[PDB]
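Alright, two takes on the same chain below, each alone as structure tokens: structure 1 and structure 2.
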Structure 1
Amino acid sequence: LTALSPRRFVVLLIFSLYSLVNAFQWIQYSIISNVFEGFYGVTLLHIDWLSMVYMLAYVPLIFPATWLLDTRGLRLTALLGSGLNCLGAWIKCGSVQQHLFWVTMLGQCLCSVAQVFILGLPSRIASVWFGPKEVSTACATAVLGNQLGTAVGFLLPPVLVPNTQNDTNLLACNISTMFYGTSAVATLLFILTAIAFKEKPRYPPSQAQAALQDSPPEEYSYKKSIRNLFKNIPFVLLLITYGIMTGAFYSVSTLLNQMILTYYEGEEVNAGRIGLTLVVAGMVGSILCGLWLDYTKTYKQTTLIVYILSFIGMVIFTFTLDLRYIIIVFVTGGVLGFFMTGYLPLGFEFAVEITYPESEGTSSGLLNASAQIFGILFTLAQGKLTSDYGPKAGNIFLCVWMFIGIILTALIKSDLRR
């Protein structure tokens, strides 16, 4: 007996909203990194580290948090992920002072831990709650909610927080408004998660869930599973390439303010709009995907083609930033984001092909962890290069790595249609 409950729309909508807020908090500091730099008196590296802690906390905690999900239920992860997102925001609201940077970092660290109970959820939530015809749509919608948070995270802080460095009191009030508004939204979604969210629906939605209801595996031995994936040579190459692509997105998003403000003085608002254009175009590319894989293509061919366009899009973006025309950055930022951030759904769906006899959660964790590891290295390396030799040197460093990614993408061997 399979039944669909109307609560699944509430569950998916509630999760996507606080996943949106969690991604909002990740990039809210980087987009106005030039503003937070003068408020706390710290260097850009410290403000840059407010974004890497999202990546740094994910790598070790992903597997213990994954073990928490399949052994204690999905609701507890939702309570912990949304609860820590709310708690981390409230610590930030009390950190609005010129000498309380570490309180902001402590609050951001809790939000970094909140991301661990968030990124793997969309695959689980769609399968547990939705029917076979809605699993793909629900999973994509939840994933796009995280991307929407970054797009909102790009747009709002430049508007909410003007760069009024001459007036410290006015700057603190605007920053407090952003954190209080984020705290209230996160707190409300935490309360809604407490009431509306349930461990399991009334009845299994599909035969696969009904089968999983009568035979829970338990003790999956994640250590054995990760070792097998590292022996799957196509997967390891795809693991490196996806980290290069997603790590490039994290590095560009984190350092977007510094590169843009180097040539475009006093254009923080435009920097946020460019960041929104970069992410929204990838959402368009993400939605337009599937039509990419026609009857004459495959996952391998689509993966390589998008990687080439992403590499070219970075080259055009890199070599047109110095032209001192903000309108050119908009069209090049959208073109770069259409393929670079539109590849992320394709990277995951490609991994479901290489590793069928292994759990999707373990591969999903490694793919995300690869993004975090490469994101940290790219943000550190590009941030250093941008500081001494300008944005072009840091951006060229990205083109070379994406050049490496194209070769590594070509050596991945697999054949199957949609």
Structure 2
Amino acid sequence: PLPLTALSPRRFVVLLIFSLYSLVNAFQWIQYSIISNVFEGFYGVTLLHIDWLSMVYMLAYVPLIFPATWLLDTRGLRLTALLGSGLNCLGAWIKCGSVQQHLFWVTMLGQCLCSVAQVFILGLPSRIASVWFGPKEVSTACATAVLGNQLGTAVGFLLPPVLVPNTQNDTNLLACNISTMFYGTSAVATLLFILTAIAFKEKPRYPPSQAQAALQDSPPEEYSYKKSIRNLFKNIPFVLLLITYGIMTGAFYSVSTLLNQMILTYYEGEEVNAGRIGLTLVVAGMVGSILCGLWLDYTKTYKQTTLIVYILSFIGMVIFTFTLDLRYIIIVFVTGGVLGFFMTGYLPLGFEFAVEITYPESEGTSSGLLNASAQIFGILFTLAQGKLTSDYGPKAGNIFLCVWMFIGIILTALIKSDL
């Protein structure tokens, strides 16, 4: 073992920049939904338009995930990072010019650009950790990278409600507030893109790890994504895990998208409290993910922990469903915290379970399949729950999510694995 491995400080920068601009991307995913009523009033559109603003992120991932993976594998890390940062910045700039009562389509175009950016952004963490960090720091680097996107989602929940008060009567003030938010986002994105261009190197001068040294020394042989996908689908346990992970992530996405509508249904003039509830959910989910990772480190068992977390998530969802309409915000906070805790704690455990089931196949293809299933389930759940809430109230959509979570529990139980 003589790879001449060395560790460079640049790796930290490579992480930071990424964890920054990825964060910004997340902030742009949920900025509209959290104050969806305000934008609906401003643009004179329906809630479905604001829901589609969030759902374009999910729609763009499925068709572009695998071509993006091929581009990353061939061209390298720097091109992917530049594409993601530049697309995010361009989307923010386009949104900056969409502040008018009749310019919704401009904001939709900007959101589509950010959606295309997300495709490059999402899969970067593991590659960055492997390329730039040593064996003892890969897991921590990847965890920090994903927590960056989670924190971006939390900030997207918290900030827009405060930045833009619901001053429907005064259109000029509302336009000024929207312009301020968009310009701030655009400035941050531009700065992050400039930093990525200046400092985001392709790879360190020397390999960080012996495994990375071997990977760089010998180019990978030609591989087919379609063959790997076909082989993965033949594995029934992996298909079941895909379905359950997609169901859980789609439920989380639907809850995030429609949280403002559900809270506004029973609480009037509480957009700031809705943003606080969303941030509490996201932070509790981050804590649950960290605790679940440590728990899995302590005990290697995957099936039992995954099933327990799924059942706890279902219980929390039921409690939130039957406590939303109690007309007390504190119970909403507590229920959202518990639900987010369990929901987000499930995801890393499911991902590790997936990689364990599909060890022979590449991690990238399984990651892409899991993310695509998550996006598809998110779109379906968002549409169904939004229609139910508009027609029969939030309780109908929440019960729909509860039933889907129960189905996910049953599917998780059926999984067969010796891990």
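Under this definition, the rigid core comprises the largest set of C-alpha atoms superposing within 1.5 Å between the forms. Residues that one form lacks are left out of the comparison. All residue numbers here refer to structure 1's sequence, counted from 1.
- Checking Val331, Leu293, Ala196, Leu212 for C-alpha shifts of 2 Å or more between structure 1 and structure 2, after the rigid core is superposed, gives a single hit: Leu293.
- Once the core of the two forms is superposed, the Cα of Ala126 has moved 0.5 Å between structure 1 and structure 2.
- After superposition on the rigid core, the Cα atom of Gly347 is displaced by 1.7 Å between structure 1 and structure 2.
- After superposition on the rigid core, the sole stretch of at least three consecutive residues with Cα shifts of 2 Å or more between structure 1 and structure 2 is 290 to 297.
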